[PDB]
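Start at 1 with the first residue, then count along the sequence. Atoms considered below: every heavy atom in the structure, side chains included; atoms not considered: hydrogens, waters and symmetry mates.
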Amino acid sequence: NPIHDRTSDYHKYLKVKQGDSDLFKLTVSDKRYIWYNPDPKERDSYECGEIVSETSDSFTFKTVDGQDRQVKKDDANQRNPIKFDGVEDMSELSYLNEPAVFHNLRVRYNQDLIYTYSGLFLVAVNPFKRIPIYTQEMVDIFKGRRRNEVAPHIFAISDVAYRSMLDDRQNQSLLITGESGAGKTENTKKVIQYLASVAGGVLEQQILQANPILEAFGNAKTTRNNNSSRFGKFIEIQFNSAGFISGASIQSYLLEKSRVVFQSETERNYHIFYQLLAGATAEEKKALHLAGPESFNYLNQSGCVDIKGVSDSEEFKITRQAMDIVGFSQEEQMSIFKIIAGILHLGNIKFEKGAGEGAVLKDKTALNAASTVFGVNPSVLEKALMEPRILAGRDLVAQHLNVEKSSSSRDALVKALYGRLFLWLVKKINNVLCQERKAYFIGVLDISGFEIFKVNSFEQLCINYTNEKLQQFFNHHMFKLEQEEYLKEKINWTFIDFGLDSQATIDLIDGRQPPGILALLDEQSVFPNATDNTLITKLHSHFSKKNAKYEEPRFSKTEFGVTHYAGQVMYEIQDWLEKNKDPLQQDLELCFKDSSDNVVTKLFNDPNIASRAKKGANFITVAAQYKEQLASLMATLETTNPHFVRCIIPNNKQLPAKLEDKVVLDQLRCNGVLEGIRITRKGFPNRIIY
Ligand SMILES: Cc1ccc2c(c1)C(=O)[C@@]1(O)CCN(c3ccccc3)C1=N2
Ligand SMILES: [Mg+2]
């Protein structure tokens with residue numbers, strides 16, 4: 001049994017290594033220690049001092065510099081006896097405080113033990129390096145083993161959820177939290193690998209091949225993650241009454257399609273673009289009129305076209321192979337790349353001013369190239385771009401857009417093409433994975449993590465609000481409902497205020513009465529004369545000096561701050577109305593509806609992809625679509641028994657072996673980890689009726 005064999009990889013990679021006789025001597029010591037702040041200004045930088053004396057209400061200890069300080073016992077962060085250093089479940093620590101919890105994670109992290117239990121939930125610190133703990137041999141070890149019988153691991157919590165699904169005949173859910181780059185997507189994959197194995201000969205393989213496809217079109221390099229998921233997703237692993245995998249369903253959420261036409265410095269567009277250009281055959285390059293990434297406006301503005309340690313040519317091959325195993329016709333696959341190539345050409349179209357204010361198109365090389373691969377008439381497309389037709393009452397009037405507006409319309413077409421292609425890809429995949437009515441399922445949530453950039457827009461607000469909601473879901477299940485049970489069954493429990501509540505922030509963003517940020521956003525979206533300026537003025541009017549989670553900065557007139565659980569974020573109001581309205585000239589849709597290409601035709605004719613719901617007189621806004629998907633997720637989660645995994649980023653440099661206290665402690669605090677451990681200790685978790 002590898003579990004009890006100190007020579008097995010299991011012991012080598014999942015257990016804390018045996019300490020020596022020298023460590024043993026320190027472990028049996030009678031001395032007592034305390035964690036203190038050498039600098040009262042740097043509260044997260046701790047040192048270990050020895051307690052030399054005490055009074056009825058205080059300790060006197062020695063600092064590293066051989067000095068002496070005193071502290072009241074009530075404010076003291078005592079250090080746990082070192083026999084606890086490396087403990088697998090921190091609910092066991094005698095002293096539960098920030099430096100103690102951080103120290104234990106540090107001790108384990110220093111030995112590449114990234115998983116640690118914090119009572120009922122799992123904590124996972126991103127190693128930013130490969131660790132051999134995800135092999136089939138590792139999967140077999142955890143199979144059917146109780147949590148307390150094996151080391152902490154993403155596989156263990158997956159197995160527990162699986163057993164609970166069978167033991168209770170209840171749908172389960174794995175909620176993996178974390179800011180951008182913390183490890184959510186990596187762990188999500190592990191969960192699926194493990195379940196596919198223990199409950200699994202072709203379906204399971206296709207289920208696995210679904211990710212590399214989604215990531216190529218849905219992931220991209222941002223300043224916080226080289227493989228940032230730019231769309232969130234809820235994955236349903238479906239099982240039959242017997243407990244066998246009967247299928248899988250992928251619920252994808254809104255994609256950051258604005259990235260296709262713009263990327264901040266040092267970031268990249270979606271991976272696929274680089275994979276195609278770098279992995280396409282010499283013939284494909286001629287047929288699609290491809291060239292180097294530096295040749296395309298949509299790829300040569302960030303100053304970055306490659307990711308260290310990543311081969312786009314090699315990744316392309318993996319994507320293609322994934323597309324094959326899932327079942328994408330060689331025809332479909334080619335159309336997909338034509339769309340990708342077409343998008344690139346569209347981005348190269350340079351509009352110029354004519355004799356008048358209207359724009360003209362002198363060079364038509366790119367226009368012609370795009371029309372070619374897309375299978376649409378270039379003259380038509382050209383007219384639909386610079387001279388779209390609209391109704392002026394009931395009259396049909398041909399517009400003549402200037403350079404700026406022509407460019408924006410061109411970007412709108414691009415974003416719609418990509419966003420729809422993504423929906424199409426997910427749809428196709430679900431057809432293959434969905435072929436049997438399920439009896440149960442385990443849902444794995446992998447949303448885009450909390451993120452902050454120099455410039456935060458509408459997308460970031462929605463992303464961070466999602467993270468705000470998931471954290472509230474954790475607070476609710478861990479603290480609210482927990483104590484609600486105690487007081488319901490009344491076991492002489494006095495309510496405890498854990499101080500974790502994101503309701504105020506949530507109300508500020510999605511509140512109905514009074515109306516929140518999104519509500520006002522939509523309101524301004526229908527107001528015929530509204531501008532981004534009138535929008536922010538409206539927001540300031542409602543929340544400046546009125547909502548404690550809102551801030552009207554004195555240093556800017558185009559930004560507003562929102563205090564999230566993970567920190568305050570300043571949002572730039574530029575383009576919010578257009579992003580929310582998400583317009584597209586009908587003449588462009590008519591142009592592509594007549595495309596000779598099958599995939600393209602499907603993207604503009606398939607209602608469930610091309611159609612857009614109407615909020616009465618206007619088309620449903622993106623904020624409205626957002627709210628709908630969120631509500632849908634929350635409702636689903638309510639029909640499941642949740643399991644939480646808290647992913648923790650070690651630093652902000654994507655470097656291994658570099659655990660920074662400040663970075664880690666802020667996450668431990670806003671995640672409610674210690675409070676989570678305290679409720680498990682002070683309360684009564686498991687309880688069965690008579
Ligand atoms: C349940 C839910 C609801 C809405 C969401 C998400 C998840 C995401 O993570 C998304 O994919 C992540 C990015 N995103 C988004 C981006 C731009 C505009 C609107 C939404 C998302 N919104
Ligand atoms: Mg991710």
Chemist: What distance do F474 atom CZ and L500 atom CG have between them, rounded to the nearest 0.5 Å?
Modeler: 8.0 Å
Chemist: Cation-pi check, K15 to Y10: give yes when NZ or CZ is under 6.0 Å from the six-membered ring centre and within 45° of the ring axis, no otherwise.
Modeler: no
Chemist: Using only heavy-atom distances, determine whether the side chains of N104 and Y109 contain a donor-acceptor pair under 3.5 Å.
Modeler: no
Chemist: Between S180 and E451, what is the shortest heavy-atom contact and its length?
Modeler: CB-CB, 4.1 Å
Chemist: Are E267 and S302 close enough that a side-chain donor and a side-chain acceptor fall under 3.5 Å?
Modeler: no
Chemist: Can you tell me if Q172 and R163 form a side-chain donor-acceptor pair at under 3.5 Å?
Modeler: no
Chemist: Would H11 and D5 count as having a side-chain donor-acceptor pair, cut-off 3.5 Å?
Modeler: no
Chemist: On the ring face of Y95, is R79 found with NZ or CZ under 6.0 Å from the centre and within 45° of the axis?
Modeler: no
Chemist: By ring-ring contact (aromatic ring centres under 6.0 Å, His included), which residues pair with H271, not counting sequence neighbours?
Modeler: none
Chemist: For the residue pair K190 and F155, would you count it as a cation-pi contact if the rule is NZ or CZ under 6.0 angstrom from the ring centre and within 45 degrees of the ring axis?
Modeler: no
Chemist: For the residue pair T466 / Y626, report whether a side-chain donor-acceptor contact shorter than 3.5 Å exists.
Modeler: yes
Chemist: Could you name each residue pair satisfying salt bridge (charged side-chain N to carboxylate O under 4.0 Å, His left out) that touches residues 459-468, not counting sequence neighbours?
Modeler: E459-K579
